[PDB]
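Protein chains in written order, with the UniProt record's numbering: chain C, 706 to 827, 848 to 951; chain H, 608 to 620, 641 to 676, 689 to 754; chain W, 1001 to 1148; chain A, 952 to 1148.
All residues carry an ideal CB built from backbone N, CA and C; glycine is no exception.
Notes for the one structure printed next.
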Amino acid sequence: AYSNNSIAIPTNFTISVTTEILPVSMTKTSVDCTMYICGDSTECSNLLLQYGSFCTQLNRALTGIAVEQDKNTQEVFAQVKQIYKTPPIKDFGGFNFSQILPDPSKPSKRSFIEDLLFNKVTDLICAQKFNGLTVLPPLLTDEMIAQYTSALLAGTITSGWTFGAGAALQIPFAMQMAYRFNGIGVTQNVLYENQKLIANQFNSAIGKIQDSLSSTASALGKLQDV
Amino acid sequence: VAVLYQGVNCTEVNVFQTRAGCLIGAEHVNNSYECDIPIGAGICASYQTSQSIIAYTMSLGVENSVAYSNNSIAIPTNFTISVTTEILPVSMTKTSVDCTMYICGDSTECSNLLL
Amino acid sequence: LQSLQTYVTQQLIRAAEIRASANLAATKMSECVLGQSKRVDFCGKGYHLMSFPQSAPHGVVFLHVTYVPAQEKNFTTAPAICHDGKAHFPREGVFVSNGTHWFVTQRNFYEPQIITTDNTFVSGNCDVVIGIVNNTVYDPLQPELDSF
Amino acid sequence: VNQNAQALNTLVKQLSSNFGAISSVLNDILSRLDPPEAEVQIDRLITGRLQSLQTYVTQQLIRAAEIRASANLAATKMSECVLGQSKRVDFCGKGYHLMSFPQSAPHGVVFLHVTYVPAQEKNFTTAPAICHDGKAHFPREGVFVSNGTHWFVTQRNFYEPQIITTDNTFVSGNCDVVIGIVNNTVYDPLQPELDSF
C-alpha cells in the first residue's frame, strides 16, 4: 500500500542466521616436464632440452601459484598475531555457544559445526600418489586453521571489536549487543526486555543450522565445484 | 642444505620424518619460534645456533587468556597514535613486441611466408 | 607440451578466481566478523550484528547473526507538530498515531513515547512545512515548577 | 619489477634455442638449403616461436588481471581512506581510521595512514542500568562504570568520568526486568538550583 499519511513500523522482530560458503585456497600441485614425457630414458631428455626454458617457466609458474595460494590463507585466517582462549566459566546471559566452540574431549580440536563440515565433503590421496601426481599439502594443517578459528570466536565473544583497533579490552557479551543495537539506531530497550526471548530465538536458530547442515549436503556445493 | 622428500617416509637415505615426507640434513628442535622460510604442513626452517639449519613447528603467536566476567569492564585511560604502511601496485612496465622482427628479421622470403 | 601449457593457463585463470573469492572472504572477515558493518546485504540479509567464522576444507563458513523485523501495523504519520506557532521536528524517530494521541518512536521498533521538548527541536514555523498537524507538546518541567 | 625482468629475459633467451632445427640463426639455414627443403625447418621455427609468444602474451595478460584487481582495490582505498573517512575496520589499516597521505612511488603508490589505537587499560565495575525512583535509566552514549564507590557514565573509546545526570540518561521501563541493575542516586541539577532559589 502507498499513502502519504500512512506509515508502517515493526512491532516485533526475529534473529535469522544464514550461511555463505566462500572458498579460500585450492590444492597445491607441481607437474614435472621430464617425468611427464618419460622417466629413466635419455631420449626424452635430449629431445626435450632443445625446446628451451618451457620447463623452467612452467615450474616457476606452479611454484608461484602455490606460494600466492598459501598467501591467501595467510591474509584471511590469521588477521592478528595474538591468540585468544575460551574461559572455563561460561555465563553468556542465556546463550548457548557450545556448538560453535571447540570440544576439548575430542582427540583433534574441532567444533561441533566444523565436525560436520569435514565429514560432509569428500583413500583418494594415496590413489593420486600411486600414479605419479604429487599433491602438495597446505602449509597450515587443519588443527592450526581451527586454532585460528577458535581464537577469533573466543575473542569476539569476550573482547569483541576491541582487538582490531588495539589491545583486547574485555566487555560482557550482554553489553556487546547494546552497542550493536545502538550502532544501527536501535535503543537497547529491546535487548534488555526481550533477552529471554532472544535466547530461545538464537538457540533455535543454531539448532536449525545444525539440522540444515546435517540433512542437506548440497549447501556445500560452492566447495564441491572446486 | 636440508634435502626434503615429498609424500614418502624415509626409505633409502639428523634424519627425521614429517607429514610432507622424509626431511634429511636438518635438526629437529622441540621449541617453537616464528617461521621465516616455510615448507608445508606447519613446519618451517631457519638458520640459527657452530650454526646450522633447524626445523620446527609453526608458532601461532602469543597465547593470552582474556579474563571474562559479568560485571567486569576495561576502559582505556590512554591512547597512542600510530602510522602504518600499506603498499599497493597500480601499473606495470609497458612492453610492445613486433611479430616480424621478433620472428624473422632482415628476411624478405620469410617476411612473405609470415603473411 | 601444448597439453600441459593448456593445463597451466587454466590453472592461472582459476587462480585469479580463487584469489577473487579469497579477497572477498578477507573483506567479509574484516567487516562482518571482526567489526560491525552497517552495509546492507554484505554481511548477509538483514541488519548486521555479528559474524561467526567456521573452518571448512579449502574454504570458510560464516555464521551471521542479523536483525530481521517480523510483525508490523499500519499507522498514521505527520512530518511535524505545531504547538505555539513554531514547527516541532523529531530529533530521533518518526511521528506515529493510533488515532487518538501522537507518539514518537524509532523506525526499527515500536516503543510509544510522549512528545516532550527533549524529543523534538524548534525550526522554522508552521506555514512553510507541508503536512504539519496540531497537538500539545508536553513540557516536562511545568508540573515540577508549579508544584514547587 | 623482477618478475617483469625475468619474463623479458626468458622471452629473449628462448630465441637461442634451436626448436628442432639445425641452428637458431635463420640466416645460416636460408643461406644453405634451397627453399623447398627449407620450408619444413622454417615452419618448425614458426610453430615453436609462435607457441612461445602465445605463452608470453597469455601470461602477461594474466598479470594484467592482477594489476586490475589491485587497481580497483587501490582506487577504492583512494576514494574511501584518502578523500573521505572510511568506517571500515582493517580496510584503511589496523585501528580506527582517521586520515590518509598519498605518496608517489614507482609503478604504484604508498599509503601513510593515521590511526587511533588505545594504549593503557584499567579494569572497572559495570552495570547495565541504574535504578533510582523505581523506573530504569539507560545510558544514551557510553556505559556505566564504577571505581567501587560511585557510578559514573563514560565512553567506551576513552575515559572521561562524569556524574550521572538526567541529560546523560533517559527514563524507560522499570527496575524488575533488566538483569544486573544496581541502586544509586541519580543527580538532578534542578534540585540545588531550586533550593538556592
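Cβ neighbours of residue i in the same chain (closer than 6 angstroms, five flanking residues each side left out)
{"i": "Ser967(A)", "result": "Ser975"}
{"i": "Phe1052(W)", "result": "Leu1063"}
{"i": "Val1133(A)", "result": "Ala1078"}
{"i": "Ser1037(A)", "result": "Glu1031, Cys1043, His1048"}
{"i": "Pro665(H)", "result": "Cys671"}
Proximity of residue i and residue j at Cβ, strictly below 8 angstroms
{"i": "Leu1012(A)", "j": "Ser746(H)", "result": "no"}
{"i": "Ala1080(W)", "j": "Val1122(W)", "result": "no"}
{"i": "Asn641(H)", "j": "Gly652(H)", "result": "yes"}
{"i": "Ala890(C)", "j": "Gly1046(A)", "result": "yes"}
{"i": "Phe759(C)", "j": "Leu1063(W)", "result": "no"}
{"i": "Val1040(W)", "j": "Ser721(C)", "result": "no"}
{"i": "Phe718(H)", "j": "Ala1022(A)", "result": "no"}
{"i": "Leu864(C)", "j": "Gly667(H)", "result": "yes"}
{"i": "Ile1018(W)", "j": "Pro728(C)", "result": "yes"}
{"i": "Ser659(H)", "j": "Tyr695(H)", "result": "yes"}
{"i": "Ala713(C)", "j": "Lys825(C)", "result": "no"}
{"i": "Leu977(A)", "j": "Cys749(H)", "result": "yes"}
{"i": "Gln901(C)", "j": "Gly885(C)", "result": "yes"}
{"i": "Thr723(H)", "j": "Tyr1110(A)", "result": "no"}
{"i": "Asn801(C)", "j": "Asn928(C)", "result": "yes"}
{"i": "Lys947(C)", "j": "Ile770(C)", "result": "no"}
Segment limits, beta strand (DSSP E) that includes residue i
{"i": "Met740(H)", "result": "Premise fails: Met740(H) lies in the alpha helix (DSSP H), 738-742, not in any beta strand (DSSP E)."}
{"i": "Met1050(W)", "result": "1047-1056"}
{"i": "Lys1073(A)", "result": "1072-1078"}
{"i": "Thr716(C)", "result": "No beta strand (DSSP E) holds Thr716(C); DSSP gives it neither H nor E."}
{"i": "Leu650(H)", "result": "649-651"}
{"i": "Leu1063(A)", "result": "1059-1069"}
{"i": "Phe855(C)", "result": "Premise fails: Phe855(C) lies in the alpha helix (DSSP H), 849-855, not in any beta strand (DSSP E)."}
{"i": "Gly932(C)", "result": "Taken as a continuous stretch (DSSP letters only), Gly932(C) belongs to no beta strand (DSSP E), being part of the alpha helix (DSSP H) at 914-940."}
{"i": "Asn960(A)", "result": "Looking at the DSSP string, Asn960(A) is not in any beta strand (DSSP E); the run it does join, the alpha helix (DSSP H), is 953-964."}
{"i": "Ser1097(A)", "result": "1094-1097"}
Candidates the options, of which the one nearest residue i by Cα
{"i": "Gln913(C)", "options": "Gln1106(W), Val1128(W), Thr1136(W), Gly1124(W)", "result": "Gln1106(W)"}
{"i": "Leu763(C)", "options": "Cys743(C), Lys776(C), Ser735(C), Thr778(C)", "result": "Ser735(C)"}
{"i": "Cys1043(W)", "options": "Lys1028(W), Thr1006(W), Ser1055(W), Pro1057(W)", "result": "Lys1028(W)"}
{"i": "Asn709(C)", "options": "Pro1057(W), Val1096(W), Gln1036(W)", "result": "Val1096(W)"}
{"i": "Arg995(A)", "options": "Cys1126(A), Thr1066(A), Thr1136(A), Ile973(A)", "result": "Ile973(A)"}
{"i": "residue 625(H)", "options": "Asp663(H), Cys743(H), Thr739(H)", "result": "The model of chain H omits the segment between 620 and 641, and residue 625(H) is among the residues lacking coordinates."}
{"i": "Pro809(C)", "options": "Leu821(C), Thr791(C), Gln787(C)", "result": "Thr791(C)"}
{"i": "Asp1127(W)", "options": "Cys1082(W), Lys1073(W), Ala1026(W)", "result": "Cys1082(W)"}
{"i": "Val1137(W)", "options": "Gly1124(W), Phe1148(W), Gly1131(W), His1101(W)", "result": "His1101(W)"}
{"i": "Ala903(C)", "options": "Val1094(A), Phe1148(A), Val1104(A)", "result": "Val1094(A)"}
{"i": "residue 944(A)", "options": "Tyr1110(A), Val1104(A), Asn1125(A), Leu1024(A)", "result": "This structure does not reach residue 944(A), given that chain A is present from 952 up to 1148, and the question cannot be answered."}
{"i": "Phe898(C)", "options": "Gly910(C), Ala892(C), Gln920(C), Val911(C)", "result": "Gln920(C)"}
{"i": "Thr887(C)", "options": "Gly700(H), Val705(H), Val701(H)", "result": "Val705(H)"}
{"i": "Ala1087(W)", "options": "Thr1116(W), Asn1125(W), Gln1113(W), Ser1003(W)", "result": "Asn1125(W)"}
{"i": "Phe782(C)", "options": "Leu699(H), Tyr707(H), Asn703(H), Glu725(H)", "result": "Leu699(H)"}
{"i": "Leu752(H)", "options": "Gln992(A), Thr1066(A), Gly1059(A), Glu1092(A)", "result": "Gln992(A)"}
Local conformation of residue i per DSSP, three classes
{"i": "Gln1011(W)", "result": "helix"}
{"i": "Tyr695(H)", "result": "strand"}
{"i": "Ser704(H)", "result": "coil"}
{"i": "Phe1042(W)", "result": "coil"}
{"i": "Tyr873(C)", "result": "helix"}
{"i": "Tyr904(C)", "result": "helix"}
{"i": "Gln1113(W)", "result": "coil"}
{"i": "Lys733(C)", "result": "strand"}
{"i": "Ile1081(W)", "result": "strand"}
{"i": "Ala1020(W)", "result": "helix"}
{"i": "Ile993(A)", "result": "helix"}
{"i": "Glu725(C)", "result": "strand"}
Nonlocal neighbours in the same chain, by C-beta distance under 7 angstroms from residue i, ignoring five residues either side
{"i": "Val1061(A)", "result": "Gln1054"}
{"i": "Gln774(C)", "result": "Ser730, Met731, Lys733"}
{"i": "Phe1089(W)", "result": "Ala1080, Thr1120, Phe1121, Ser1123"}
Range of the contiguous alpha helix (DSSP H) that encloses residue i
{"i": "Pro1143(W)", "result": "1142-1147"}
{"i": "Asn777(C)", "result": "759-781"}
{"i": "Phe817(C)", "result": "817-824"}
{"i": "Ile980(A)", "result": "977-981"}
{"i": "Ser750(C)", "result": "747-754"}
Any non-hydrogen atom of the ligand HEM closer than 7 angstroms to residue i Cβ
{"i": "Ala1022(W)", "result": "As for the ligand HEM, it is missing from this structure, which has no ligand bound."}
Own chain, CB closer than 8 angstroms to residue i, minus 5 neighbours either side, in chain order
{"i": "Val620(H)", "result": "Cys649, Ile651"}
{"i": "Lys1073(W)", "result": "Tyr1110"}
Test: residue i CB closer than 8 angstroms to a CB of chain D
{"i": "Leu1012(W)", "result": "Among the chains of the structure shown, chain D does not appear; the protein chains present are C, H, W and A."}
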